[PDB]
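Asks: The following block contains the structure, expressed as structure tokens.
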Amino acid sequence: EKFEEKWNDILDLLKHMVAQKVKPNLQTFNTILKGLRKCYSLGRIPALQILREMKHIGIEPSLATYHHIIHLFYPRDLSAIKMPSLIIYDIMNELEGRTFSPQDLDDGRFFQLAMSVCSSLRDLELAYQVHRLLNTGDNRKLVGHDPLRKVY
Amino acid sequence: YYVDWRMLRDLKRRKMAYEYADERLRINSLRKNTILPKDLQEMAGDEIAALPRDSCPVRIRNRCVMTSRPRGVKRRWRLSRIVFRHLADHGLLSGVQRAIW
Amino acid sequence: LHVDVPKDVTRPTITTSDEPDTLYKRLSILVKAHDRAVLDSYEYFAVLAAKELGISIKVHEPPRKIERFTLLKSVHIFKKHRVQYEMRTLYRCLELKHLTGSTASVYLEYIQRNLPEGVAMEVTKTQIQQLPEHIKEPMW
Amino acid sequence: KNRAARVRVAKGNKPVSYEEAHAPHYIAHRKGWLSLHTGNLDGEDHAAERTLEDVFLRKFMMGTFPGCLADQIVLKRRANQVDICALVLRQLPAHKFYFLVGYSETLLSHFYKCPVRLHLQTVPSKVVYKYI
Amino acid sequence: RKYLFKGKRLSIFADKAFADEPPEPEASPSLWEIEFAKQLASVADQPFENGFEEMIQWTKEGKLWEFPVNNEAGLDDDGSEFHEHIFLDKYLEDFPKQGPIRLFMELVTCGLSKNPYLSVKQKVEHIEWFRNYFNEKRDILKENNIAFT
Ligand SMILES: [Mg+2]
Ligand SMILES: [Mg+2]
């Protein structure tokens with residue numbers, strides 16, 4: 001019923017992960033962010049904090065981890081198109097030239113979602129950056145499956 | 001089904017010779033020398049005789065694998081002259097041509 | 001591709017070991033085929049590949065072999081009437097010189113993977129190594 | 001008279017392909033070899049086993065593509081790879097060819113324990129070299 | 001403003017001074033871990049793009065020969081050595097040290113040493129067969145003045 005209680009509960013599981021000397025993995029953070037996509041409005045500040053904590057621990061954000069942050073910051077059913085967020089530009093700068101490997105089950109989703117946000121923003125320069133990232137190394141393998149390859 | 005009952009008998013002769021190859025080698029070695037007592041050699045002459053007749057490898061005949069023809073076979077292809085000519089005259093053997101010179 | 005080009009193509013990892021490399025004084029590659037033209041095309045591909053990697057190569061044509069045999073033309077009798085068949089083997093020898101073991105593996109893979117159908121190779125590597133350490137010093 | 005692999009004359013109404021038109025003595029002169037392996041080269045082994053595989057591979061393709069073969073198939077062995085190049089008439093629907101290619105490749109790769117690939121060039125109809 | 005890596009973090013966890021202390025295979029791969037790995041592969045599973053990518057997959061699966069060709073790839077005779085194949089007189093100790101049987105077994109072990117089509121285990125089996133054969137024929141040998149074992 002209450003998000004604040006719900007969030008404090010999920011955090012309690014994380015606190016018991018340190019009491020029992022259990023270290024988190026990529027999936028642990030990806031799971032929390034995938035859950036946060038329900039509360040688009042209130043999950044923005046929590047979502048950024050997780051990614052900062054991911055780097056400090058030493059877990060490397062994968063394409064799936066950004067796929068969730070994008071969904072949370074650029075809603076498809078977004079009425080407020082007047083002043084969209086600028087995070088997508090920073091993410092692409094962060095991932096410029098990097099090569100990625102399969103490390104989660106939502107890695108394919110990232111590329112299809114990134115182009116959609118570009119079409120919504122009508123920024124063709126960003127679309128070239130996203131496509132340029134797809135061509136580096138063997139990133140082409142994470143474009144998506146039959147449903148998402150033709151959408152991208 | 002094999003081509004005929006003659007090819008079937010030949011196939012069994014080939015599989016019983018493989019079973020008795022080491023045995024017939026070890027026993028026959030005791031006979032093909034002049035270093036062992038003749039009493040042992042006379043007895044080894046009968047142990048080899050007692051083995052089944054189809055274990056003997058000289059009862060194998062090379063037959064065309066496709067027509068089971070006993071004579072006329074070419075050992076490199078295992079085919080009779082008649083079957084070989086049919087494949088050769090149709091361009092189906094790799095590198096076989098007619099000899100003109 | 002006119003506008004869409006790979007950016008940073010991934011290349012295999014080649015790690016230099018600490019073991020010393022083999023030294024091949026000579027490396028003779030005898031290709032065989034029923035067709036002379038295929039050997040000519042393979043000779044051009046192999047000589048071009050060697051020259052591009054820095055390898056020293058020479059080529060000659062060992063004498064061809066023709067194997068002929070006779071058969072009976074008819075299915076029954078008519079002994080005097082026969083049919084003769086032949087198989088022709090042609091050779092091209094690619095003699096390479098002064099190759100390290102890393103250069104000979106990459107070259108042989110590249111040319112063996114591109115060996116046409118109906119072509120047989122016979123590599124004859126000639127390695128050069130020092131004397132055994134025991135043999136170096138006479139010990140009674 | 002010689003009767004071997006010779007498509008005899010009729011009254012000018014018998015279509016014959018390039019392969020059929022030429023008698024055995026034109027092998028290596030006007031027409032090449034349908035199968036190309038290294039087993040008949042000098043000092044090479046396993047001619048018998050390559051030849052038996054060819055006989056079967058030809059009977060398999062005739063039955064698997066019944067009435068859909070425009071000419072005899074060409075077999076090409078490189079290393080352990082086998083390559084089957086067949087001229088096929090455009091009788092069957094396109095999707096049926098994809099099924100028979102997947103089936104015939106997998107079945108022959110598990111039967112001879114080699115990688116086998118099928119290469120199909122579709123013709124609108126049989127190509128006639130001459131009418132004899 | 002919305003800096004991805006500048007700002008407050010949850011801070012529930014601490015910097016990993018110790019990293020990956022427990023080994024990855026803490027137990028033999030469970031069904032849960034074996035099945036998740038199969039799904040990770042499917043994430044990047046795309047069809048072959050050319051003959052090179054097809055050949056790359058065949059090689060990893062053993063379907064296609066490795067290059068340059070090695071005619072003895074995967075053919076190790078029990079990790080034996082040349083001295084094991086060539087020097088076989090250790091196995092003739094049970095036999096008489098001299099006499100006709102020794103003269104015969106010398107010829108047998110000489111041929112076995114020159115045999116490239118048998119493994120050491122098979123060669124030993126040939127020697128063992130003769131040991132049991134002569135043991136059975138002890139009485140005939142004794143008549144001929146040959147003493148076996
Ligand atoms: Mg019958
Ligand atoms: Mg005989």
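Each chain in the structure tokens gets a letter, A, B and so on, in the order shown; residues start at 1 in every chain, and ligands are counted from 1 in the order they appear.
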Counting only C-alpha atoms, which residues from chain A have an atom at most 12 Å from any atom of chain C, and could you show them as a list in words?

Replies: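 Result: residues 96, 97, 98, 99, 100, 128, 129, 131, 132, 133, 134, 135, 136, 137, 138, 139 and 140 of chain A.
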
Asks: Keeping N, CA and C atoms for every residue in the selection just given, could you write it to a file as a PDB file, in the first residue's frame?

Replies:
ATOM      1  N   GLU A  96      30.268   5.690 -24.728  1.00  0.00           N
ATOM      2  CA  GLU A  96      30.861   5.907 -26.041  1.00  0.00           C
ATOM      3  C   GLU A  96      32.148   5.105 -26.180  1.00  0.00           C
ATOM      4  N   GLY A  97      32.189   4.226 -27.182  1.00  0.00           N
ATOM      5  CA  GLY A  97      33.373   3.452 -27.484  1.00  0.00           C
ATOM      6  C   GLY A  97      33.552   2.191 -26.671  1.00  0.00           C
ATOM      7  N   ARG A  98      32.723   1.958 -25.660  1.00  0.00           N
ATOM      8  CA  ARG A  98      32.844   0.759 -24.845  1.00  0.00           C
ATOM      9  C   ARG A  98      32.248  -0.443 -25.567  1.00  0.00           C
ATOM     10  N   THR A  99      32.790  -1.618 -25.261  1.00  0.00           N
ATOM     11  CA  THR A  99      32.269  -2.884 -25.755  1.00  0.00           C
ATOM     12  C   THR A  99      31.585  -3.618 -24.610  1.00  0.00           C
ATOM     13  N   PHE A 100      30.457  -4.253 -24.912  1.00  0.00           N
ATOM     14  CA  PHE A 100      29.643  -4.921 -23.910  1.00  0.00           C
ATOM     15  C   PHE A 100      29.446  -6.382 -24.287  1.00  0.00           C
ATOM     16  N   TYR A 128      22.677   8.732 -34.187  1.00  0.00           N
ATOM     17  CA  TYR A 128      23.945   8.285 -34.749  1.00  0.00           C
ATOM     18  C   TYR A 128      24.875   7.776 -33.655  1.00  0.00           C
ATOM     19  N   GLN A 129      24.875   8.434 -32.493  1.00  0.00           N
ATOM     20  CA  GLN A 129      25.683   7.951 -31.377  1.00  0.00           C
ATOM     21  C   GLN A 129      25.232   6.565 -30.939  1.00  0.00           C
ATOM     22  N   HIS A 131      23.574   4.293 -32.745  1.00  0.00           N
ATOM     23  CA  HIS A 131      23.951   3.343 -33.784  1.00  0.00           C
ATOM     24  C   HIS A 131      25.460   3.147 -33.822  1.00  0.00           C
ATOM     25  N   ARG A 132      26.225   4.212 -33.576  1.00  0.00           N
ATOM     26  CA  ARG A 132      27.677   4.075 -33.558  1.00  0.00           C
ATOM     27  C   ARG A 132      28.122   3.155 -32.429  1.00  0.00           C
ATOM     28  N   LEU A 133      27.458   3.238 -31.275  1.00  0.00           N
ATOM     29  CA  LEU A 133      27.754   2.312 -30.187  1.00  0.00           C
ATOM     30  C   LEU A 133      27.423   0.879 -30.584  1.00  0.00           C
ATOM     31  N   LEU A 134      26.348   0.692 -31.351  1.00  0.00           N
ATOM     32  CA  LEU A 134      25.966  -0.650 -31.774  1.00  0.00           C
ATOM     33  C   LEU A 134      27.027  -1.284 -32.662  1.00  0.00           C
ATOM     34  N   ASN A 135      27.800  -0.473 -33.383  1.00  0.00           N
ATOM     35  CA  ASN A 135      28.787  -0.988 -34.321  1.00  0.00           C
ATOM     36  C   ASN A 135      30.142  -1.268 -33.686  1.00  0.00           C
ATOM     37  N   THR A 136      30.452  -0.653 -32.547  1.00  0.00           N
ATOM     38  CA  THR A 136      31.731  -0.899 -31.896  1.00  0.00           C
ATOM     39  C   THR A 136      31.838  -2.353 -31.454  1.00  0.00           C
ATOM     40  N   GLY A 137      32.996  -2.952 -31.711  1.00  0.00           N
ATOM     41  CA  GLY A 137      33.221  -4.322 -31.282  1.00  0.00           C
ATOM     42  C   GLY A 137      32.153  -5.246 -31.830  1.00  0.00           C
ATOM     43  N   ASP A 138      31.609  -6.088 -30.955  1.00  0.00           N
ATOM     44  CA  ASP A 138      30.543  -7.019 -31.302  1.00  0.00           C
ATOM     45  C   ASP A 138      29.244  -6.656 -30.588  1.00  0.00           C
ATOM     46  N   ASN A 139      29.009  -5.356 -30.391  1.00  0.00           N
ATOM     47  CA  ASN A 139      27.756  -4.912 -29.795  1.00  0.00           C
ATOM     48  C   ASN A 139      26.559  -5.229 -30.679  1.00  0.00           C
ATOM     49  N   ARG A 140      26.777  -5.439 -31.980  1.00  0.00           N
ATOM     50  CA  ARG A 140      25.672  -5.762 -32.874  1.00  0.00           C
ATOM     51  C   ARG A 140      24.863  -6.944 -32.358  1.00  0.00           C
TER      52      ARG A 140
END

Asks: Let me have all residues with an atom within 12 Å of ligand 1, counting only C-alpha atoms and all ligand atoms, laid out as a count of residues only.

Replies: 12

Asks: Residues contacting ligand 2 - anything with an atom at most 10 Å away, using only C-alpha atoms and all ligand atoms - can you give me those as a ChimeraX atom specification?

Replies: /B:57-62,70

Asks: Put those residues in a file: C-alpha atoms, as an mmCIF file, in the first residue's frame.

Replies:
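What landed in result.cif:
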data_model
loop_
_atom_site.group_PDB
_atom_site.id
_atom_site.type_symbol
_atom_site.label_atom_id
_atom_site.label_comp_id
_atom_site.auth_asym_id
_atom_site.auth_seq_id
_atom_site.Cartn_x
_atom_site.Cartn_y
_atom_site.Cartn_z
ATOM 1 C CA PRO B 57 41.358 -65.475 -42.843
ATOM 2 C CA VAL B 58 41.989 -67.225 -46.194
ATOM 3 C CA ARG B 59 38.273 -68.041 -46.536
ATOM 4 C CA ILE B 60 37.486 -64.360 -47.099
ATOM 5 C CA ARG B 61 36.684 -63.359 -50.680
ATOM 6 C CA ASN B 62 36.646 -59.767 -51.901
ATOM 7 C CA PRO B 70 33.255 -62.605 -56.584
#

Asks: Counting only C-alpha atoms, what is within 12 Å of segment 25-27 of chain C, bar same-chain residues fewer than 5 positions away, as a PDB file with N, CA, C and O atoms, in the first residue's frame?

Replies:
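Everything below was put into out-v6.pdb:
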ATOM      1  N   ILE C  55      57.437 -14.062 -46.371  1.00  0.00           N
ATOM      2  CA  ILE C  55      58.050 -15.378 -46.500  1.00  0.00           C
ATOM      3  C   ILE C  55      58.731 -15.503 -47.857  1.00  0.00           C
ATOM      4  O   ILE C  55      58.279 -14.941 -48.861  1.00  0.00           O
ATOM      5  N   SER C  56      59.830 -16.253 -47.887  1.00  0.00           N
ATOM      6  CA  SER C  56      60.560 -16.519 -49.120  1.00  0.00           C
ATOM      7  C   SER C  56      60.067 -17.831 -49.712  1.00  0.00           C
ATOM      8  O   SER C  56      60.020 -18.850 -49.018  1.00  0.00           O
ATOM      9  N   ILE C  57      59.707 -17.807 -50.995  1.00  0.00           N
ATOM     10  CA  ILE C  57      59.055 -18.942 -51.634  1.00  0.00           C
ATOM     11  C   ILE C  57      59.669 -19.198 -53.001  1.00  0.00           C
ATOM     12  O   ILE C  57      60.114 -18.277 -53.691  1.00  0.00           O
ATOM     13  N   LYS C  58      59.688 -20.472 -53.384  1.00  0.00           N
ATOM     14  CA  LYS C  58      60.058 -20.904 -54.722  1.00  0.00           C
ATOM     15  C   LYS C  58      59.074 -21.980 -55.151  1.00  0.00           C
ATOM     16  O   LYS C  58      58.511 -22.687 -54.312  1.00  0.00           O
ATOM     17  N   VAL C  59      58.869 -22.106 -56.458  1.00  0.00           N
ATOM     18  CA  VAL C  59      57.880 -23.029 -56.998  1.00  0.00           C
ATOM     19  C   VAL C  59      58.474 -23.791 -58.172  1.00  0.00           C
ATOM     20  O   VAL C  59      59.192 -23.219 -59.000  1.00  0.00           O
ATOM     21  N   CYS C  93      55.040 -27.795 -56.195  1.00  0.00           N
ATOM     22  CA  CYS C  93      55.798 -27.783 -54.950  1.00  0.00           C
ATOM     23  C   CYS C  93      56.141 -26.347 -54.569  1.00  0.00           C
ATOM     24  O   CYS C  93      56.777 -25.631 -55.348  1.00  0.00           O
ATOM     25  N   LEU C  94      55.722 -25.936 -53.376  1.00  0.00           N
ATOM     26  CA  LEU C  94      55.987 -24.599 -52.848  1.00  0.00           C
ATOM     27  C   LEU C  94      57.020 -24.738 -51.735  1.00  0.00           C
ATOM     28  O   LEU C  94      56.693 -25.165 -50.624  1.00  0.00           O
ATOM     29  N   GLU C  95      58.266 -24.380 -52.031  1.00  0.00           N
ATOM     30  CA  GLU C  95      59.374 -24.531 -51.094  1.00  0.00           C
ATOM     31  C   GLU C  95      59.614 -23.206 -50.380  1.00  0.00           C
ATOM     32  O   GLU C  95      60.134 -22.258 -50.975  1.00  0.00           O
ATOM     33  N   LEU C  96      59.241 -23.147 -49.106  1.00  0.00           N
ATOM     34  CA  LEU C  96      59.437 -21.975 -48.268  1.00  0.00           C
ATOM     35  C   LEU C  96      60.725 -22.134 -47.468  1.00  0.00           C
ATOM     36  O   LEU C  96      61.227 -23.242 -47.277  1.00  0.00           O
ATOM     37  N   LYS C  97      61.260 -21.008 -46.996  1.00  0.00           N
ATOM     38  CA  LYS C  97      62.571 -21.004 -46.360  1.00  0.00           C
ATOM     39  C   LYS C  97      62.601 -20.026 -45.195  1.00  0.00           C
ATOM     40  O   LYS C  97      61.961 -18.974 -45.229  1.00  0.00           O
ATOM     41  N   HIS C  98      63.364 -20.391 -44.167  1.00  0.00           N
ATOM     42  CA  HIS C  98      63.655 -19.523 -43.026  1.00  0.00           C
ATOM     43  C   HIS C  98      62.374 -18.982 -42.390  1.00  0.00           C
ATOM     44  O   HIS C  98      62.114 -17.778 -42.372  1.00  0.00           O
ATOM     45  N   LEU C  99      61.575 -19.901 -41.854  1.00  0.00           N
ATOM     46  CA  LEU C  99      60.307 -19.571 -41.215  1.00  0.00           C
ATOM     47  C   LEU C  99      60.365 -19.917 -39.736  1.00  0.00           C
ATOM     48  O   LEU C  99      60.852 -20.989 -39.363  1.00  0.00           O
ATOM     49  N   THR C 100      59.870 -19.012 -38.900  1.00  0.00           N
ATOM     50  CA  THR C 100      59.628 -19.344 -37.507  1.00  0.00           C
ATOM     51  C   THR C 100      58.347 -20.164 -37.393  1.00  0.00           C
ATOM     52  O   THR C 100      57.548 -20.249 -38.328  1.00  0.00           O
ATOM     53  N   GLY C 101      58.152 -20.774 -36.223  1.00  0.00           N
ATOM     54  CA  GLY C 101      57.010 -21.655 -36.050  1.00  0.00           C
ATOM     55  C   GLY C 101      55.686 -20.922 -36.003  1.00  0.00           C
ATOM     56  O   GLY C 101      54.649 -21.486 -36.361  1.00  0.00           O
ATOM     57  N   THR C 103      55.088 -18.151 -37.837  1.00  0.00           N
ATOM     58  CA  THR C 103      54.803 -17.780 -39.218  1.00  0.00           C
ATOM     59  C   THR C 103      54.347 -18.978 -40.038  1.00  0.00           C
ATOM     60  O   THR C 103      53.573 -18.817 -40.986  1.00  0.00           O
ATOM     61  N   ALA C 104      54.813 -20.179 -39.696  1.00  0.00           N
ATOM     62  CA  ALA C 104      54.450 -21.358 -40.470  1.00  0.00           C
ATOM     63  C   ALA C 104      53.069 -21.877 -40.100  1.00  0.00           C
ATOM     64  O   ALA C 104      52.409 -22.512 -40.929  1.00  0.00           O
ATOM     65  N   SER C 105      52.620 -21.625 -38.870  1.00  0.00           N
ATOM     66  CA  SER C 105      51.288 -22.062 -38.468  1.00  0.00           C
ATOM     67  C   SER C 105      50.214 -21.173 -39.082  1.00  0.00           C
ATOM     68  O   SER C 105      49.214 -21.669 -39.615  1.00  0.00           O
ATOM     69  N   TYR C 107      50.499 -19.243 -41.757  1.00  0.00           N
ATOM     70  CA  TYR C 107      50.506 -19.405 -43.205  1.00  0.00           C
ATOM     71  C   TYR C 107      49.851 -20.718 -43.611  1.00  0.00           C
ATOM     72  O   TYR C 107      49.024 -20.753 -44.528  1.00  0.00           O
ATOM     73  N   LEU C 108      50.209 -21.812 -42.937  1.00  0.00           N
ATOM     74  CA  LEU C 108      49.676 -23.115 -43.323  1.00  0.00           C
ATOM     75  C   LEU C 108      48.178 -23.192 -43.073  1.00  0.00           C
ATOM     76  O   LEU C 108      47.438 -23.751 -43.889  1.00  0.00           O
ATOM     77  N   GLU C 122      50.831 -32.063 -48.871  1.00  0.00           N
ATOM     78  CA  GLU C 122      51.826 -32.873 -48.161  1.00  0.00           C
ATOM     79  C   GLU C 122      52.922 -31.943 -47.645  1.00  0.00           C
ATOM     80  O   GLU C 122      53.965 -31.782 -48.281  1.00  0.00           O
ATOM     81  N   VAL C 123      52.687 -31.330 -46.486  1.00  0.00           N
ATOM     82  CA  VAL C 123      53.689 -30.456 -45.891  1.00  0.00           C
ATOM     83  C   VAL C 123      54.835 -31.296 -45.342  1.00  0.00           C
ATOM     84  O   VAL C 123      54.619 -32.352 -44.732  1.00  0.00           O
ATOM     85  N   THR C 124      56.070 -30.826 -45.552  1.00  0.00           N
ATOM     86  CA  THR C 124      57.282 -31.516 -45.096  1.00  0.00           C
ATOM     87  C   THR C 124      58.160 -30.495 -44.376  1.00  0.00           C
ATOM     88  O   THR C 124      59.113 -29.961 -44.946  1.00  0.00           O
ATOM     89  N   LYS C 125      57.831 -30.232 -43.115  1.00  0.00           N
ATOM     90  CA  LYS C 125      58.591 -29.278 -42.319  1.00  0.00           C
ATOM     91  C   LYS C 125      59.967 -29.834 -41.971  1.00  0.00           C
ATOM     92  O   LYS C 125      60.119 -31.024 -41.686  1.00  0.00           O
ATOM     93  N   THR C 126      60.973 -28.959 -41.989  1.00  0.00           N
ATOM     94  CA  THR C 126      62.351 -29.319 -41.653  1.00  0.00           C
ATOM     95  C   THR C 126      62.836 -28.378 -40.555  1.00  0.00           C
ATOM     96  O   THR C 126      63.279 -27.261 -40.837  1.00  0.00           O
ATOM     97  N   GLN C 127      62.756 -28.834 -39.310  1.00  0.00           N
ATOM     98  CA  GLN C 127      63.148 -28.023 -38.170  1.00  0.00           C
ATOM     99  C   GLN C 127      64.649 -28.122 -37.930  1.00  0.00           C
ATOM    100  O   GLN C 127      65.284 -29.131 -38.245  1.00  0.00           O
ATOM    101  N   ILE C 128      65.215 -27.059 -37.362  1.00  0.00           N
ATOM    102  CA  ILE C 128      66.623 -27.012 -36.987  1.00  0.00           C
ATOM    103  C   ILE C 128      66.710 -26.703 -35.500  1.00  0.00           C
ATOM    104  O   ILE C 128      66.109 -25.735 -35.023  1.00  0.00           O
ATOM    105  N   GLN C 129      67.439 -27.542 -34.767  1.00  0.00           N
ATOM    106  CA  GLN C 129      67.575 -27.394 -33.327  1.00  0.00           C
ATOM    107  C   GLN C 129      69.014 -27.675 -32.926  1.00  0.00           C
ATOM    108  O   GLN C 129      69.778 -28.296 -33.668  1.00  0.00           O
TER     109      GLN C 129
END

Asks: At a cut-off of 10 Å, list the chain A residues touching chain E, using only C-alpha atoms, as a ChimeraX atom specification.

Replies: /A:11-12,14-15,17-18,22-24,45-59,85-87,90-91,94,101-109,138-146

Asks: When the cut-off is 12 Å and we count only C-alpha atoms, which residues of chain B are near chain C, given as a ChimeraX atom specification?

Replies: /B:69,71-74,76,80-86,88-89,93-101

Asks: When the cut-off is 6 Å and we count only C-alpha atoms, which residues of chain D are near chain C, given as a list in words?

Replies: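 Contact residues on the first chain: residues 36, 37, 38, 41, 77 and 78 of chain D.
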
Asks: What is the distance between atom CA of residue 61 of chain C and atom CA of residue 30 of chain C, in Å to one decimal?

Replies: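 Between atom CA of residue 61 of chain C and atom CA of residue 30 of chain C the gap is 9.4 Å.
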
Asks: If we count only C-alpha atoms, what is near residue 72 of chain D at a cut-off of 9 Å, once residues fewer than 3 positions away on the same chain are taken out, given as a ChimeraX atom specification?

Replies: /D:19,34,58,69,86-87

Asks: What is the atom CA of residue 28 of chain E to atom CA of residue 27 of chain A distance in Å?

Replies: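 Those two atoms sit 20.7 Å apart.
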
Asks: Provide as a PDB file with N, CA and C atoms, in the first residue's frame the residues of chain E at most 12 Å from chain D, counting only C-alpha atoms.

Replies:
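out_15.pdb, freshly written:
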ATOM      1  N   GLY E  51      30.229 -17.064 -43.819  1.00  0.00           N
ATOM      2  CA  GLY E  51      30.848 -18.366 -43.668  1.00  0.00           C
ATOM      3  C   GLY E  51      31.899 -18.426 -42.582  1.00  0.00           C
ATOM      4  N   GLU E  54      30.075 -19.017 -39.249  1.00  0.00           N
ATOM      5  CA  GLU E  54      29.603 -20.397 -39.216  1.00  0.00           C
ATOM      6  C   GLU E  54      30.751 -21.356 -38.930  1.00  0.00           C
ATOM      7  N   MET E  55      31.901 -21.145 -39.571  1.00  0.00           N
ATOM      8  CA  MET E  55      33.050 -22.011 -39.338  1.00  0.00           C
ATOM      9  C   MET E  55      33.587 -21.842 -37.921  1.00  0.00           C
ATOM     10  N   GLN E  57      31.848 -21.263 -35.220  1.00  0.00           N
ATOM     11  CA  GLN E  57      31.001 -22.048 -34.329  1.00  0.00           C
ATOM     12  C   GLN E  57      31.264 -23.541 -34.490  1.00  0.00           C
ATOM     13  N   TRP E  58      31.412 -24.012 -35.730  1.00  0.00           N
ATOM     14  CA  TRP E  58      31.697 -25.427 -35.951  1.00  0.00           C
ATOM     15  C   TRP E  58      32.997 -25.844 -35.279  1.00  0.00           C
ATOM     16  N   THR E  59      34.017 -24.986 -35.328  1.00  0.00           N
ATOM     17  CA  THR E  59      35.295 -25.324 -34.710  1.00  0.00           C
ATOM     18  C   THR E  59      35.157 -25.437 -33.196  1.00  0.00           C
ATOM     19  N   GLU E  61      32.687 -26.353 -31.587  1.00  0.00           N
ATOM     20  CA  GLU E  61      31.914 -27.552 -31.293  1.00  0.00           C
ATOM     21  C   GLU E  61      32.611 -28.829 -31.737  1.00  0.00           C
ATOM     22  N   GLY E  62      33.790 -28.730 -32.345  1.00  0.00           N
ATOM     23  CA  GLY E  62      34.512 -29.899 -32.792  1.00  0.00           C
ATOM     24  C   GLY E  62      34.071 -30.440 -34.133  1.00  0.00           C
ATOM     25  N   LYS E  63      33.096 -29.801 -34.783  1.00  0.00           N
ATOM     26  CA  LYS E  63      32.574 -30.324 -36.039  1.00  0.00           C
ATOM     27  C   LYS E  63      33.585 -30.170 -37.165  1.00  0.00           C
ATOM     28  N   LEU E  64      34.324 -29.067 -37.174  1.00  0.00           N
ATOM     29  CA  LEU E  64      35.291 -28.764 -38.217  1.00  0.00           C
ATOM     30  C   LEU E  64      36.701 -28.989 -37.691  1.00  0.00           C
ATOM     31  N   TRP E  65      37.565 -29.535 -38.544  1.00  0.00           N
ATOM     32  CA  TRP E  65      38.947 -29.780 -38.157  1.00  0.00           C
ATOM     33  C   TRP E  65      39.633 -28.481 -37.759  1.00  0.00           C
ATOM     34  N   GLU E  66      40.603 -28.598 -36.860  1.00  0.00           N
ATOM     35  CA  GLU E  66      41.435 -27.463 -36.499  1.00  0.00           C
ATOM     36  C   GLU E  66      42.574 -27.323 -37.500  1.00  0.00           C
ATOM     37  N   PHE E  67      43.015 -26.085 -37.706  1.00  0.00           N
ATOM     38  CA  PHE E  67      44.060 -25.793 -38.671  1.00  0.00           C
ATOM     39  C   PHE E  67      45.191 -25.031 -37.991  1.00  0.00           C
ATOM     40  N   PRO E  68      46.455 -25.279 -38.374  1.00  0.00           N
ATOM     41  CA  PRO E  68      46.924 -26.234 -39.386  1.00  0.00           C
ATOM     42  C   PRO E  68      46.649 -27.687 -39.014  1.00  0.00           C
ATOM     43  N   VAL E  69      46.482 -28.529 -40.032  1.00  0.00           N
ATOM     44  CA  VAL E  69      46.058 -29.904 -39.811  1.00  0.00           C
ATOM     45  C   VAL E  69      47.119 -30.652 -39.019  1.00  0.00           C
ATOM     46  N   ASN E  71      47.596 -34.571 -38.048  1.00  0.00           N
ATOM     47  CA  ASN E  71      47.041 -35.893 -38.304  1.00  0.00           C
ATOM     48  C   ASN E  71      46.948 -36.743 -37.046  1.00  0.00           C
TER      49      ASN E  71
END

Asks: Can you pull out every residue within 9 Å of residue 15 of chain B, counting only C-alpha atoms, but drop anything in the same chain fewer than 5 positions away, and send it as a list in words?

Replies: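 After dropping sequence-adjacent residues, the list is residues 10, 20 and 55 of chain B.
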
Asks: Go ahead and save the picked residues with N, CA and C atoms, as a PDB file, in the first residue's frame.

Replies:
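Below you can see result-v5.pdb, which holds the result:
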ATOM      1  N   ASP B  10      30.105 -64.140 -46.407  1.00  0.00           N
ATOM      2  CA  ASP B  10      31.397 -63.460 -46.407  1.00  0.00           C
ATOM      3  C   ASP B  10      31.504 -62.456 -45.265  1.00  0.00           C
ATOM      4  N   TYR B  20      39.136 -63.674 -33.873  1.00  0.00           N
ATOM      5  CA  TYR B  20      40.154 -64.692 -33.648  1.00  0.00           C
ATOM      6  C   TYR B  20      41.527 -64.275 -34.164  1.00  0.00           C
ATOM      7  N   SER B  55      37.110 -68.696 -38.683  1.00  0.00           N
ATOM      8  CA  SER B  55      38.142 -67.825 -38.136  1.00  0.00           C
ATOM      9  C   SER B  55      39.332 -67.720 -39.079  1.00  0.00           C
TER      10      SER B  55
END

Asks: Considering only alpha helix (DSSP H) as DSSP defines it on the backbone, what residues of chain C qualify? List them as JSON, numbers by chain.

Replies: {"C": [36, 37, 38, 39, 40, 41, 42, 43, 44, 45, 46, 47, 48, 49, 50, 51, 52, 53, 101, 102, 103, 104, 105, 106, 107, 108, 109, 110, 111, 112, 113, 133, 134, 135, 136]}

Asks: Skipping near chain neighbours, those fewer than 5 positions away, what residues fall within 10 Å of segment 76-78 of chain E using only C-alpha atoms, listed as a PyMOL selection string?

Replies: chain E and resi 118-121
